[PDB]
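Here's the structure we're looking at; comments come further down.
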Amino acid sequence: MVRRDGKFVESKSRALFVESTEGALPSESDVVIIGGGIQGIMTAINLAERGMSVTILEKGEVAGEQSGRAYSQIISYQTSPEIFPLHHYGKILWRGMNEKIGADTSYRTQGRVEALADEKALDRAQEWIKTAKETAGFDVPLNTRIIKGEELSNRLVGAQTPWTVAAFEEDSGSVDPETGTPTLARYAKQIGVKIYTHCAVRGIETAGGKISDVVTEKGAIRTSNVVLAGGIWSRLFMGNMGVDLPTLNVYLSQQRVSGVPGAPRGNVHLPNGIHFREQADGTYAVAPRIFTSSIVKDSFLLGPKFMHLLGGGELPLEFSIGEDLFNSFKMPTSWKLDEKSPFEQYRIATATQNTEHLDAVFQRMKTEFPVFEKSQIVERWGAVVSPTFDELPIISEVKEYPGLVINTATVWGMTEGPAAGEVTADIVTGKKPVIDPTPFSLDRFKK
Ligand SMILES: Cc1cc2nc3c(=O)[nH]c(=O)nc-3n(C[C@H](O)[C@H](O)[C@H](O)COP(=O)(O)OP(=O)(O)OC[C@H]3O[C@@H](n4cnc5c(N)ncnc54)[C@H](O)[C@@H]3O)c2cc1C
């Protein structure tokens, strides 16, 4: 039967609290950034370090939404050719991040073992590793290989299933999302970025093809350069300017369980639906296999491109239908800049957690690794993501509105954030980007 429990709700941040910059909004800024997630913040840092004045506006709290809620494995494994450099260089930048900011983001190089279920999986793993090893950029080699026997069994200590082979990304990363983006926000503030929380951006004023200001709920700020890094809210923001972003929301759930003696370390991914990541604080992040699509207005508006999230393919997908459906039609898609926007109602949006999903993955984890019988649940939460239909982010200028640049629509933003932040800064400043952004352009959606 069809579920009725998936719901979009207002919530609170689960990430470390970041104080707003003191005082009034500035009257002008060289660049204004909409959103205080990892993309807004990493973009701000790259621009500030180039000597520009930068202001971030955040309707709720820093890392209140996706960036504070992520499973947060930092990996390149099985990425496409267009995406791989973003992940490969993301990892490079993360490895230098604590040094850069003189603080601990919680980033750790920990390694990731993915058990492979059969020869077909093994074939696909070896094929990707072969090509990635040959094409790895930025004068840094890939450190991903196949392992087996004694080596694998000790990596997967106490495992009840006879796993024989696995892809091992030895330099995979981990960052605890409660810690990472907030600590980067603090660094941003130290280098002169101004961050104003509880401050929604309603829209952008422009004429003659030049942006003149952004309008917030607390006043306007003059600028000719704007970055929209609004996460799931980017589509809605752009719809009010007559531009369509093809993104569809998906609901997820996550948890933390306590560490136990004799548990495997680092990052484990098994094909029988078991995925955990040891955190810097001793607890384990645990991710269920499944996602839910709550049926809403945009499910019909974007459906043809998104059939892999709406019943086609064999992704682990569950439909849900409820209050969301009717609310999605009541959600305004345009508003004047002098009236209240939907951003001022859902300052810290999330989805209701699915307890059944979280219980099921944890039980599967206890069966496969009996030491976790003595582990208990530390924390549980829900989250919303909003990918494009083509497995590519939107990192692009907006031709219609010179001065506007978008950096959004990724489900790998923890990994990509540092790299995407630099690319976005390059687009803003007119520098030849560190990674060619053609594949991430809005041009791919025209005609
Ligand atoms: C369950 C889950 C697991 C994940 N696991 C991984 C993983 O293992 N590895 C990985 O790399 N990535 C992962 N991600 C992805 C990563 O969390 C996101 O891609 C990334 O956080 C996106 O960052 P962002 O800055 O674009 O968006 P967000 O973090 O959502 O930031 C957007 C911010 O903009 C604000 N905002 C929006 N509109 C306005 C406005 N008009 N005015 C002012 N402020 C506004 C919002 O309040 C929000 O704080 C996961 C995500 C989820 C949900």
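Labels used: A, B, ... for chains in the order of the structure tokens, numbers from 1 for residues in each chain, and numbers from 1 for ligands as shown.
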
Region 62-69 of chain A surroundings by only C-alpha atoms, 7 Å radius, close-in-sequence under 2 positions cut, as a PyMOL selection string: chain A and resi 12-15+18+36-38+58+60+71+177-178+181-182+348-350+383-385+414

Contact residues around residue 143 (chain A) with only C-alpha atoms at 7 Å, ignoring same-chain residues under 4 positions, as a PDB file with N, CA and C atoms, in the first residue's frame:
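Dumped to around.pdb:
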```pdb
ATOM      1  N   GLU A 169      38.751   2.309  -1.104  1.00  0.00           N
ATOM      2  CA  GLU A 169      39.220   3.676  -1.318  1.00  0.00           C
ATOM      3  C   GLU A 169      39.978   4.081  -0.058  1.00  0.00           C
ATOM      4  N   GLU A 170      41.285   3.831  -0.050  1.00  0.00           N
ATOM      5  CA  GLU A 170      42.067   3.960   1.178  1.00  0.00           C
ATOM      6  C   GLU A 170      42.141   5.391   1.710  1.00  0.00           C
ATOM      7  N   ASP A 171      42.041   6.379   0.829  1.00  0.00           N
ATOM      8  CA  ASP A 171      42.096   7.785   1.242  1.00  0.00           C
ATOM      9  C   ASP A 171      40.716   8.459   1.257  1.00  0.00           C
TER      10      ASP A 171
END
```

Residue neighbourhood region 99-104 of chain A, 10 Å, only C-alpha atoms, exclusion window fewer than 2 positions, as a ChimeraX atom specification: /A:93-97,106-108,179-180,183-184,186-188,190-191

Selection to disk with C-alpha atoms, as a PDB file, in the first residue's frame:
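To be explicit, this is the file written out as part_2.pdb:
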```
ATOM      1  CA  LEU A  93      41.110  20.500  -0.625  1.00  0.00           C
ATOM      2  CA  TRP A  94      39.522  18.782   2.402  1.00  0.00           C
ATOM      3  CA  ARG A  95      42.907  17.237   3.264  1.00  0.00           C
ATOM      4  CA  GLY A  96      44.402  20.767   3.419  1.00  0.00           C
ATOM      5  CA  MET A  97      41.389  22.368   5.157  1.00  0.00           C
ATOM      6  CA  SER A 106      36.412  17.123  11.991  1.00  0.00           C
ATOM      7  CA  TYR A 107      37.688  16.050   8.539  1.00  0.00           C
ATOM      8  CA  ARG A 108      39.609  12.739   8.727  1.00  0.00           C
ATOM      9  CA  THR A 179      30.963  20.336  12.997  1.00  0.00           C
ATOM     10  CA  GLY A 180      32.316  20.927   9.480  1.00  0.00           C
ATOM     11  CA  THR A 183      33.727  25.692  11.705  1.00  0.00           C
ATOM     12  CA  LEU A 184      34.170  26.811   8.090  1.00  0.00           C
ATOM     13  CA  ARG A 186      33.736  30.771  11.708  1.00  0.00           C
ATOM     14  CA  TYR A 187      36.783  30.927   9.453  1.00  0.00           C
ATOM     15  CA  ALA A 188      34.781  32.828   6.834  1.00  0.00           C
ATOM     16  CA  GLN A 190      37.590  35.672  10.567  1.00  0.00           C
ATOM     17  CA  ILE A 191      38.670  36.582   7.021  1.00  0.00           C
TER      18      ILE A 191
END
```

For residue 20 (chain A): contacts at 7 Å, only C-alpha atoms, fewer than 2 positions along chain excluded, given as a ChimeraX atom specification: /A:18,22,195-197

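Here the question is which of A:409, A:129, A:226, A:220 gets nearest to ligand 1 using only C-alpha atoms and all ligand atoms, and that residue is A:409.
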
Which of region 191-358 of chain A fall in helix (DSSP H, G or I), as a PyMOL selection string: chain A and resi 231-239+297-301+303-306+323-330+342-344+355-358

Could the residues in this selection be written to a file with N, CA, C and O atoms, as a compact mmCIF listing (two decimals), in the first residue's frame?
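The resulting file, out37.txt, is reproduced below:
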```
# COMPACT_ATOMS: atom_id res chain seq x y z
N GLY A 231 20.30 25.64 -1.69
CA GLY A 231 19.93 24.24 -1.54
C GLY A 231 18.59 23.92 -2.18
O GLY A 231 18.35 24.28 -3.34
N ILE A 232 17.70 23.29 -1.42
CA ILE A 232 16.40 22.85 -1.97
C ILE A 232 15.51 24.02 -2.37
O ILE A 232 14.57 23.84 -3.14
N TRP A 233 15.80 25.20 -1.83
CA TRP A 233 15.00 26.39 -2.08
C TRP A 233 15.37 27.14 -3.36
O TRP A 233 14.69 28.09 -3.72
N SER A 234 16.43 26.71 -4.04
CA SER A 234 16.91 27.42 -5.23
C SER A 234 15.87 27.44 -6.35
O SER A 234 15.66 28.47 -6.98
N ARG A 235 15.21 26.31 -6.60
CA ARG A 235 14.18 26.24 -7.63
C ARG A 235 13.10 27.28 -7.37
O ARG A 235 12.73 28.04 -8.27
N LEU A 236 12.60 27.32 -6.14
CA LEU A 236 11.55 28.26 -5.79
C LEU A 236 12.01 29.71 -5.97
O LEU A 236 11.28 30.54 -6.53
N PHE A 237 13.21 30.02 -5.50
CA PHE A 237 13.78 31.35 -5.67
C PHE A 237 13.87 31.74 -7.15
O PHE A 237 13.54 32.87 -7.52
N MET A 238 14.31 30.82 -8.00
CA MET A 238 14.47 31.14 -9.43
C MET A 238 13.14 31.21 -10.19
O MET A 238 13.03 31.94 -11.18
N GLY A 239 12.14 30.47 -9.73
CA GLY A 239 10.81 30.50 -10.33
C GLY A 239 10.18 31.88 -10.25
O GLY A 239 9.47 32.30 -11.15
N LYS A 297 2.99 18.60 -6.22
CA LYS A 297 2.85 19.34 -7.48
C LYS A 297 4.04 19.15 -8.44
O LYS A 297 3.84 18.84 -9.62
N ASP A 298 5.26 19.34 -7.95
CA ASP A 298 6.45 19.23 -8.83
C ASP A 298 6.71 17.80 -9.34
O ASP A 298 7.41 17.62 -10.35
N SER A 299 6.16 16.79 -8.67
CA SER A 299 6.24 15.41 -9.17
C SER A 299 5.58 15.30 -10.55
O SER A 299 6.07 14.57 -11.42
N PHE A 300 4.49 16.03 -10.74
CA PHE A 300 3.82 16.08 -12.04
C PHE A 300 4.52 17.04 -13.00
O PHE A 300 4.64 16.75 -14.19
N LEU A 301 4.98 18.19 -12.49
CA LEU A 301 5.63 19.20 -13.34
C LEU A 301 6.97 18.75 -13.92
O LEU A 301 7.32 19.17 -15.03
N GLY A 303 8.01 15.28 -13.71
CA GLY A 303 7.96 13.82 -13.78
C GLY A 303 8.68 13.13 -14.93
O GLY A 303 9.40 12.17 -14.71
N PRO A 304 8.48 13.62 -16.18
CA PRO A 304 9.04 12.91 -17.34
C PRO A 304 10.55 12.70 -17.27
O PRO A 304 11.04 11.64 -17.62
N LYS A 305 11.28 13.71 -16.79
CA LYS A 305 12.74 13.62 -16.66
C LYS A 305 13.19 12.80 -15.44
O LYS A 305 14.31 12.29 -15.41
N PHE A 306 12.31 12.66 -14.45
CA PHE A 306 12.66 12.10 -13.14
C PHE A 306 12.03 10.73 -12.84
O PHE A 306 11.76 10.42 -11.67
N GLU A 323 -0.24 15.40 3.53
CA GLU A 323 -0.46 16.84 3.59
C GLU A 323 0.40 17.59 2.58
O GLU A 323 -0.04 18.61 2.05
N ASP A 324 1.61 17.09 2.33
CA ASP A 324 2.52 17.67 1.33
C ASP A 324 1.85 17.96 -0.02
O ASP A 324 2.09 19.00 -0.61
N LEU A 325 1.01 17.04 -0.50
CA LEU A 325 0.42 17.20 -1.82
C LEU A 325 -0.34 18.53 -1.89
O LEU A 325 -0.05 19.38 -2.73
N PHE A 326 -1.29 18.70 -0.98
CA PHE A 326 -2.13 19.90 -0.97
C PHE A 326 -1.34 21.16 -0.63
O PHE A 326 -1.56 22.22 -1.23
N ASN A 327 -0.40 21.06 0.31
CA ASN A 327 0.48 22.18 0.66
C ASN A 327 1.35 22.66 -0.52
O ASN A 327 1.58 23.86 -0.68
N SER A 328 1.82 21.71 -1.34
CA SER A 328 2.64 22.04 -2.50
C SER A 328 1.90 22.92 -3.51
O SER A 328 2.52 23.72 -4.20
N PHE A 329 0.57 22.79 -3.59
CA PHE A 329 -0.24 23.65 -4.46
C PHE A 329 -0.56 25.00 -3.82
O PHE A 329 -0.85 25.96 -4.53
N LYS A 330 -0.51 25.06 -2.49
CA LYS A 330 -0.72 26.31 -1.76
C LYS A 330 0.56 27.13 -1.62
O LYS A 330 0.50 28.32 -1.32
N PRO A 342 7.91 32.71 1.20
CA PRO A 342 7.87 31.38 1.83
C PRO A 342 9.11 31.04 2.66
O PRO A 342 9.04 30.20 3.56
N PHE A 343 10.24 31.70 2.36
CA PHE A 343 11.49 31.49 3.09
C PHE A 343 11.40 31.92 4.55
O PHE A 343 12.11 31.40 5.41
N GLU A 344 10.53 32.89 4.84
CA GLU A 344 10.33 33.38 6.19
C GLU A 344 9.39 32.47 7.02
O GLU A 344 9.24 32.68 8.22
N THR A 355 11.39 6.06 11.06
CA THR A 355 11.87 5.18 12.12
C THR A 355 12.03 3.75 11.64
O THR A 355 13.00 3.09 11.98
N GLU A 356 11.06 3.26 10.87
CA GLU A 356 11.14 1.91 10.31
C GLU A 356 12.44 1.72 9.51
O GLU A 356 13.13 0.72 9.70
N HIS A 357 12.77 2.68 8.64
CA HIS A 357 14.01 2.60 7.85
C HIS A 357 15.24 2.57 8.75
O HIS A 357 16.12 1.73 8.58
N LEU A 358 15.28 3.49 9.71
CA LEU A 358 16.42 3.60 10.62
C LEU A 358 16.56 2.36 11.51
O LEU A 358 17.68 1.90 11.76
```

For residue 271 (chain A), the nearest of the candidates A:308, A:202, A:256, A:364, counting only C-alpha atoms: A:364

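Minimum atom-to-atom distance to ligand 1, evaluated using only C-alpha atoms and all ligand atoms, belongs to A:289 out of A:50, A:289, A:4, A:222.
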
Top pick for closest residue to residue 252 (chain A), considering A:227, A:201, A:125, A:411 and counting only C-alpha atoms: A:411

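Between CA of residue 86 (chain A) and CA of residue 110 (chain A) the interatomic distance comes to 19.5 Å.
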
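Among A:257, A:121, A:147, A:419, the residue with the shortest atom-to-atom distance to ligand 1, counting only C-alpha atoms and all ligand atoms, is A:419.
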